[PDB]
Structures are given as C-alpha cells and as structure tokens.
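**Student:** Have a look at this one before I ask anything.
Positions of Cβ are generated from backbone atoms using ideal geometry, with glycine treated the same way; all protein chains shown enter the neighbour counts. We did not get these values from a lab; they are worked out from the coordinates using the rules stated.
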There are 2 protein chains.
Amino acid sequence: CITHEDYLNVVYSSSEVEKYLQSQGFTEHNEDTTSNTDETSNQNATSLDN
Amino acid sequence: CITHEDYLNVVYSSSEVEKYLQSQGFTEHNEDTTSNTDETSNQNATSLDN
C-alpha cells in the first residue's frame, strides 16, 4: 500500500505534454453622424452685339 | 491532526495549471468640422465675322 505503481508504460523519455486552451470575446459599437451645410451664388453678365 | 493528506490523486508529474482572465474597456470620440470658401470669375470675349 504505496503508490509506486510504475510497472507498466514507463515513459520517462521526457515526453512533455502541453495543452493550450484559449477563448476570446469581443463586441464593438459605432455612431458616425455628419451634417453638411452649403450654399452657392453666381452672376451672369452676358452680351452680344450682332 | 496535520494536513499531509496526500493519500489520493497524487499528481506531481508537475501538472502546471494556468489561468489568464482579461477584460478591456474602451471608448472614443471625434469632432471633425470643415468649412470651405470659394469664388470664381471669368470673361468671354467672343467674335465671329461671317
């Protein structure tokens, strides 16, 4: 009654086992408001002398 | 009455357990104001000699 039960499958040719679990959560939000204002004017001084 | 209770599930084949919790908060703001000014002019000296 001791736990030195290494009578089968002695793998100590080092055998480094890894694990790498990885989760990720991500939300996002935007609010993009523009507002234009624009006005024009001109003048059209024309002439013709037939 | 000592706490050397290692009679069951002796996992000291090293068994490194990790955790990595990670939160993140992020706001942002913008204010983008433009303002155009522009004016034109021309002249139209034309002629025809039929």
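**Student:** Quick one: count up the residues across the stretch A:31-50 that are under 31 Å from the mean Cα position of the chain (by Cα) and within 9 Å of chain B (Cβ to nearest Cβ).
**Tutor:** Looking only at that region, the number is 2.
**Student:** Right, another one. For the condition assigned to a loop (DSSP other than H, G, I, E, B) and facing chain A (nearest Cβ under 10 Å), what is the one hit in B:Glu5, B:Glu28?
**Tutor:** Exactly one residue qualifies, and that residue is B:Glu28.
Residue-by-condition table, conditions (1) of a type outside the set (A, V, I, L, M, F, W, C); (2) closer than 30 Å to B:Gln24 by Cα; (3) exposed (fewer than 10 other Cβ atoms within 10 Å of the Cβ):
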| site | (1), (2), (3) |
| --- | --- |
| A:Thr3 | yes, no, no |
| A:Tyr7 | yes, no, yes |
| A:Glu16 | yes, no, yes |
| A:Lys19 | yes, yes, yes |
| A:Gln24 | yes, yes, yes |
| A:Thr34 | yes, yes, yes |
| A:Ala45 | no, no, yes |
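**Student:** Check B:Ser23 against each of (1) within 30 Å of A:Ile2 (Cα to Cα); (2) under 39 Å from the mean Cα position of the chain (by Cα) and name the one condition it does not meet.
**Tutor:** (1)
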